[PDB]
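Report on one structure; see the data block that follows.
Positions of Cβ are backbone-derived with ideal geometry, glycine not excepted, and every protein chain shown enters the neighbour counts. Numbers and lists here come from the model and the stated rules, or from a named source; none is laboratory data.
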Amino acid sequence: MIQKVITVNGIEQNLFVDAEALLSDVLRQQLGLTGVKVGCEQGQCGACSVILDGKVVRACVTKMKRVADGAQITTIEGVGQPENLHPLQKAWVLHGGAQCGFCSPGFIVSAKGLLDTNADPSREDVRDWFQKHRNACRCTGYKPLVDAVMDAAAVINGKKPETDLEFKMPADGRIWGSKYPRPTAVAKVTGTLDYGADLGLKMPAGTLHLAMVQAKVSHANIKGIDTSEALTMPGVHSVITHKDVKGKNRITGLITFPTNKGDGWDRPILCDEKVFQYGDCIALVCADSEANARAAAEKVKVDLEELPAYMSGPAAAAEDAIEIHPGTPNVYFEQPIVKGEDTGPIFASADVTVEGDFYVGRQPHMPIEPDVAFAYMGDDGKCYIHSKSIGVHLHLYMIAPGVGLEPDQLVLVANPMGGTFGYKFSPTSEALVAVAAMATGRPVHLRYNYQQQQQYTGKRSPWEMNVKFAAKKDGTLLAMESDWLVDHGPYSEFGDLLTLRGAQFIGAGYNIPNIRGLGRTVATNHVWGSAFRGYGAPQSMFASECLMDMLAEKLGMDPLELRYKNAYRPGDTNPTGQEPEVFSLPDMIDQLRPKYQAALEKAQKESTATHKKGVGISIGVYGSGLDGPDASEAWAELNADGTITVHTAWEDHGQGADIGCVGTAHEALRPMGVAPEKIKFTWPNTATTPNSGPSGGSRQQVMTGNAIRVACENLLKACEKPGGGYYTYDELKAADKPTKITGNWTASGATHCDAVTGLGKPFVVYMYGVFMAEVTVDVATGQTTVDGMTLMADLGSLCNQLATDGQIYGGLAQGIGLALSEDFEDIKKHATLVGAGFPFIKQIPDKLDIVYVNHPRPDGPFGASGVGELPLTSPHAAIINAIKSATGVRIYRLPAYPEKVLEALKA
Ligand code: FES
Ligand code: FES
Ligand SMILES: [Cl-]
Ligand SMILES: [Cl-]
Ligand SMILES: [Cl-]
Ligand SMILES: [Mg+2]
Ligand SMILES: [Mg+2]
Ligand SMILES: [Mg+2]
């Protein structure tokens, strides 16, 4: 041990440390500076950026021996605090740079390091700096972060007043449609929002820290578990196995389709008889710290009989393949799509037909924050789980039978969280922590490291797809045929539903009167499928939007004009036979056309012998809602102090559940003149908030937005004075009148898609868009650079522009990763951010352009649709279409790795 007297955030610290300790651990654990965020723990994400003697370093890879006596350290806490914000923090709030906020302290500290060395940076300088310092963001697409640094620099340089970094009310008084900052932004930019790992550090002594004993093979029969050595190890309390589970020890898929060949109870909580994928949790070590638990977990011995593993859909789906779940065939679900007339004869007599085989893979969500949760037994005897769940009520019912509790005896709460992008539509650690809290009776906390986040949370499910179009010479689509195989890994939850998305979205955007297709779901031993933003559309529309360009090529027609010819217009129906609710695609295409023409001409002009430029188009469509007559509930409450609490379980991945609530409520409450700062939101809690439903299917703005609207409308009526005006709280209480008022809303017109035909009206609101990608391909290396992305977006009406701009930029960036670099195929190699192709800032163009072409939705609140998943529906198709435009080669199987592109170029 050594004494180190240094200065941290301007204050002398008399530090006592191990020379080998990591600065991140010292700052967080010894000094309580939890504003230093830790994600990857491998120097790759920049979340733990601190300033050490004028240099920006990653604290997670900086040992204390590198900190000199008398060193100066600055963390986010030293940059600024609430009510003492630095211009960088004010700028972040104003520009909406804090979505999940997990990367915000690191970016801001890093940015301070930049401005202290280069006071007047170009945008390019800012981007170079964040690239060098590895500052990673998965939510924002980086553009808002650069915007914030530039605005801050102008103020610091005296070129602009600081008051200009503060939001100015539109004087309208209207915050709906505005750039009003989100309520949580100040906490996020000051590092004073506690995420799950921060909470763990602030839990009492006596809290047990958990480590997972995980399978190190993909498939096995388990013969036994020996915990003997683990029990003798430092700090170890106990080891938990399936024997300690008080219920079924299975998670239920809950809404498993009746035509599913499996019962939906396939997923264990702790493995008992079998390992189904690499990483499966077999036991939990409980110890006095994460470190001691992890050390002891290494010594737990599992005796198993390894079985041959099926590591792809085609492999598991072979007629001969052995059943992974004995008694259920590996191909456990099929969804037909049968619209209009038989397609065979139509293909035979059509002027032109095209066909392609396409693949989209096992995309990893890669939030900067790895999975974390905790549980305890309340004094009330209930078991409480606090996690990254984005569907607290959904997960309660998925896990309660498995853990052995009635619904009344379990409470799920959503912690502030550093992004999910859908992986948290699935339970991950909730049943694990519940089992441990129940068994020990103690508080328990479980933090996944980044390798566990990669290997042992769900993934976008790979689809092998064959799609065909028949059309007339003039481009009019006549028929489509489709076949898709969905590799869902071993656990069935929502696999059948994901397969149904193929019937709804392959070929979406166009009038296609005649469709014959079949989707199949197959269990494998690769990572289990959990929703990934777009959920079936990124696969489906990659195929159909690539195939549209192939059809255009074969016709000798411009690909934008072929889309224009076929795009939804009144009288048309979508693939499930339903009439679209608005018709915005022709409008969007017409508005994009000259920008597209200009982009083509720039590409031809700027292409060289070695660097070929191209332009690519695609359309995106997706539902806002869960299938059928989805519903939500909210309570609007007038409080004693004149503030109003809008109670919902709108789960915040980081997308903006707080601002969605506040902006929708503000608009609804306008008759009563309620200032936005007086409107409070509620963190999701199954005990004390209504069942608003999960934050999945880009549904909350529509479903919960409408419920909030209804609740606020009803509160207005509850407050109305006879004669005009409104009662105050004190008046209503003195009159013994209610002050907490319920609102409910249901998507009444929606119906579930039929199990035989796939036809139905699954959503009453959809999101529509048109993408344009501009790219440069180095033909010597096969490397593609995306130089610009454009999204024409119809969101009906914007609740908040900071929220919607950021959503689109974030989805576009994920689209660049899906197109060019991302996968989870190799269990080890893809278990790091850099290994799995995470897009760092230079991979995302500074030019991310949005054009809103909003057609108010009949059923959306104030006409709004959702936005969440729109920007990831097909941007990767536009990019691949742009590569084809540039070079003449088509990549059918994502991602377009340089070597793959070179092989295609040289073929
Ligand atoms: S770089 Fe330190 S946590 Fe990622
Ligand atoms: S706001 Fe950057 S990772 Fe979420
Ligand atoms: Cl998906
Ligand atoms: Cl390919
Ligand atoms: Cl490569
Ligand atoms: Mg100041
Ligand atoms: Mg027609
Ligand atoms: Mg090769």
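Computed quantities for the displayed model
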quantity	calculated
Candidate set: the range 879-891, residues that are more than 16 Å from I816 (Cβ to Cβ) and buried (at least 17 other Cβ atoms within 10 Å of the Cβ); chosen: the one farthest from ligand 3 (Cβ to nearest atom)	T887
Extreme residue, surrounded by the most Cβ atoms within 10 Å (Cβ to Cβ), among residues of the range 144-172 that are touching a residue at least 24 places away in the same chain (Cβ under 8 Å) and not in a helix (DSSP H, G or I)	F167
Positions within the range 860-907 being aliphatic (A, V, I, L, M) and assigned to a loop (DSSP other than H, G, I, E, B), in sequence order	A864, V867, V889, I891, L894, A896, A907
Residues located in the range 573-598, provided they are under 22 Å from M550 (Cβ atoms) and either in the same structural domain as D474 (by CATH) or not in a helix (DSSP H, G or I) (or both)	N574, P575
Some residue of the range 882-891 being within 30 Å of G796 (Cβ to Cβ), in contact (Cβ under 8 Å) with a residue 40 or more places away in the chain and either in the same structural domain as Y766 (by CATH) or within 16 Å of ligand 6 (Cβ to nearest atom) (or both)	yes
Options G113, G177, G158: the member that is touching a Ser or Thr at 6+ places or on another chain (Cβ under 8 Å), over 25 Å from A803 (Cβ atoms) and not assigned by CATH to the domain that holds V38	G113
Any strands (runs of 3 or more DSSP E) falling wholly within the range 15-77 and containing at least 3 residues that are surrounded by 17 or more Cβ atoms within 10 Å (Cβ to Cβ)	49-52, 55-58
Restricting the range 528-571 to residues that are within 30 Å of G391 (Cα to Cα) and among the aromatic types (F, W, Y), the residue that is farthest from the chain's Cα centre (by Cα)	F542
Strands (runs of 3 or more DSSP E) fully within the range 195-298 counting 3 or more residues that are more than 31 Å from the chain's Cα centre (by Cα)	220-226, 236-240
Any hit, the range 870-886, residues being over 26 Å from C103 (Cα atoms) and of a type in the set (D, E, K, R)	yes
Residues located in the range 602-633, provided they are under 30 Å from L394 (Cα atoms) and part of a strand (DSSP E or B)	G620, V621, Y622, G623, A631, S632, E633
Cβ-Cβ under 9 Å pairs, at least 6 apart or on other chains, the range 600-613 side small (G, A, S), far side part of a loop (DSSP other than H, G, I, E, B)	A609/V779
Given (1) more than 16 Å from ligand 2 (Cβ to nearest atom); (2) assigned to a loop (DSSP other than H, G, I, E, B), index of the condition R533 fails	(1)
So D549, is it more than 16 Å from ligand 4 (Cβ to nearest atom) and either touching a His at 6+ places or on another chain (Cβ under 7 Å) or over 22 Å from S698 (Cβ atoms) (or both)	no
Residue identified as outside the structural domain of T804 (by CATH), on the phi > 0 side of the Ramachandran plot and touching a residue at least 40 places away in the same chain (Cβ under 8 Å) among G697, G758, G724	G697
Filter result for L88 (among the hydrophobic types (A, V, I, L, M, F, W, C), away from ligand 1 (no atom under 13 Å from the Cβ), within 26 Å of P183 (Cα to Cα) and touching a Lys or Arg at 6+ places or on another chain (Cβ under 7 Å))	yes
Criterion (free of Cβ contacts under 8 Å to residues at least 24 places away in the same chain and in a helix (DSSP H, G or I)) met by exactly one of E667, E677, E713	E677
Residue count for the range 536-583, restricted to those that are in contact with a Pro (Cβ under 8 Å, 6 or more places away or on another chain), closer than 20 Å to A503 by Cα and among the small types (G, A, S)	1
Those residues of the range 495-527 which are within 24 Å of the chain's Cα centre (by Cα), farther than 26 Å from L307 by Cα and of a type in the set (A, V, I, L, M, F, W, C), in sequence order	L497, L498, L500, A503, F505, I506, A508
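Table: residues versus (1) of a type in the set (V, I, T); (2) within 20 Å of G402 (Cα to Cα); (3) in a strand (DSSP E or B).
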site: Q452; (1), (2), (3): no, no, no
site: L485; (1), (2), (3): no, no, yes
site: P490; (1), (2), (3): no, yes, no
site: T499; (1), (2), (3): yes, no, no
site: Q504; (1), (2), (3): no, no, no
